[PDB]
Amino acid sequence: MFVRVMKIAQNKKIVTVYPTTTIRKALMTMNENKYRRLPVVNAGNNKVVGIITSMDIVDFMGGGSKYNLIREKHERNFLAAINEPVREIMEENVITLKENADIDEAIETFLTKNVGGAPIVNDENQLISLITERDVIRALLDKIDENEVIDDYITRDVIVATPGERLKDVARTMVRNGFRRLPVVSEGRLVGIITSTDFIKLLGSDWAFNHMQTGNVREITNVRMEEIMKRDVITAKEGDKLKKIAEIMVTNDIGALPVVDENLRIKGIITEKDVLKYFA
């Protein structure tokens, strides 16, 4: 079937920033709009020139190569570094869809190009809209066979964080593996979840505005997972229906559920991208 992606796209206007928008302001925008994904456009002609997600912020904070903007150019000063324009840490060469793109293209793009959301552009590459894996799952939820089970879709080998792990280390794990969410596991048992969004929430805390002005930047990246993880996790289990799990994700704006034992031992993880393999 050939259904236009545009027929689904968030008919809300898309929140954007500009290349000269500071990292600080981009962070606030992410925070204020709850949107953890921001297209970078010209002011301008509205051409998509970049994209910045919470994962890019986690990179910048210590998880990857973008951290050297802080450590090197700005000699460990997180607060001066965030005055840098967003173009310094945004991803360029963006994966986009043409305004005539269809659902199957979007899905293939999500499944093969390891993205969860893509800007929809026209022929001038001006921003029209954006589509996420959630929008597609929401639109096709009642087209999932009610009997289809989650087993085949579960990612068995889970990359994990522990309650004692420092933020600077979990950030490495997230960025290196390209996983925004890590189940938190201790002695084989699920004790929580931590995501890249949590790291962003932390930066906009009173606790963090304190250490920055009178910090002690390092104390932010030294926080252990137990201090900030979500302890009570929406989990899935083998034998659960795929449609049930999918519905739970979409109705809660949650992208990932750790898959657990009745004893809370980790069997796997299932995410929105996995759900979309049903329509592969």
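All residue numbers refer to positions in the sequence shown, first residue = 1.
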Q: Would you determine, from the values in the PDB entry, which of 128-136 and 151-159 has the greater average C-alpha temperature factor?
A: 151-159
Q: Select between 142-150 and 84-92 the stretch whose C-alpha atoms have the higher average B-factor in the entry.
A: 142-150
Q. Looking at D240, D56, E247, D253, which has the highest Cα B-factor in the entry?
A. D240
Q. Out of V217, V49, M28, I52, which one has a C-alpha B factor higher than all the others in the entry?
A. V217
Q. Relative to the other modelled residues in the chain, which third contains the C-alpha temperature factor of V17: lowest, middle or highest?
A. lowest
Q.
Ranking every modelled residue in this chain by its Cα temperature factor as given in the entry, which third contains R231?
A. middle
Q. Thinking about Cα B factors across the chain, which third does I269 belong to?
A. middle
**Q.** Record-listed C-alpha B factor of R172: chain third
**A.** lowest
Q: Could you say whether, by C-alpha temperature factor, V184 belongs to the lowest, middle or highest third of its chain?
A: middle
